Structures are given as C-alpha cells and as structure tokens.
C-alpha cells in the first residue's frame, strides 16, 4: 500500500512511520514545508502508525533528538514516538478490509488529515488548534499538548484496568477534534476502507 505523506505546515517536520517493533519503509524522513514523501507499507500491516516530529536535530549517522515524537533519537524510526504525537493509525488487510483512524490518546503536536486516495471510504481529520487551546496542565514544555495519561499516570487516564470513562481532559481533545480518539475507550471513530486501499497523510491540512 502506498501512503503519500505531505507536509502543508509552514514549518519543517520529520515524518515517522512504524508498527512499534519495526520501521515501515524507511521509518522516517525530513519534510520541508510543502514536500511530499511516498512510502510503501506491506499488506497485512497491523497496528501501524504515522506521525510528525518537530524541532529535530540529526547528525550524519541519523542520530539526534526531536522536541515532539522522538523515536529513540533516530531519524529512521523503528519504534513509536515520544508524546505528544497526533497519530494516523492503521491496520491493513484485516479479514479483507482496511481500518484507519486518528488518535489524540498520546497527545497532539501537529494537525493532520488522514484520507484514502482510492475509492470506498472517507477520510478522518483533526486540524483544530489543539496546541494553542491546550489546557494549562497539559501543555508540554517541549512543545505540543500532552494527553492526561502521559501527564498524570493514573489508571483512569491510562485505562489500565480496561475500565475508564471520559474525563475533563479527554473531553477537551474530543471537543476540538470529534473525529479522533480522545481516550482509550472512546466511542470508535475508526473508518472501514476496502482492503488494499492507498492513502495520504497531510500535516496542517487547512492552510
């Protein structure tokens, strides 16, 4: 499956793609304002994620750090990134269908649109100014808006017992972005697409 990653932000971002225990395609790459990077993800990929990283510095070997979404200090991500990270999430070819969503469960750093480039389903988007409107206690000094689990580490925010409800903090993310997961047990906003669909992830979609 092809995923065209486009940076419409006025600032540079370092795209990342991983399934948690391995990179997807090259795993990561710099995207200056306006640049597009197309990656290929193997059919059947389960639990894949794509996100943007901001304010990164990498040496010649591809090692360094980013203020948001850092994945073990590597340019080419092999693991998931450090919150806050707005997440484009997908599981492909799961019993004949593709499943996609956007999640704020791990916080929000950059606005995003995640849409199919093929027929059969609709896209999802979270492009509100969550960082600007972020509740004081969730603001990340390093940049972005942290999710409450990251900040407070409680069973309720992290849904560790599998029994949690919405919270004042999750409701904030849900208010700004109704179409993205605001907490673990949020009413699903996952979209079902035809198996083997192709997609486009656009950072800063409304610009």
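Numbering follows the first chain given and starts at 1.
Annotation for 88-96 versus 118-126: the higher mean temperature factor (C-alpha) is found in 118-126. Set 156-164 against 47-55 and average the Cα temperature factors; 156-164 ends up higher. Highest CA B-factor among 31, 177, 26, 148, as stated in the entry: 26.
Each of 105, 131, 102, 71 has a CA temperature factor in the record; the biggest one is found at 71. Ranked against the other modelled residues of its chain, the C-alpha B-factor of residue 7 as given in the entry falls in the lowest third. Residue 36: CA B factor in the lowest third of modelled residues in this chain (values from the PDB entry). Per the PDB record, residue ranking by Cα B-factor puts residue 140 in the highest third of the chain.
For residue 184, the recorded CA B-factor ranks within the highest third of the chain. Only modelled residues enter the ranking. Annotation for residue 22: CA B-factor lies in the highest third of the chain's modelled residues.
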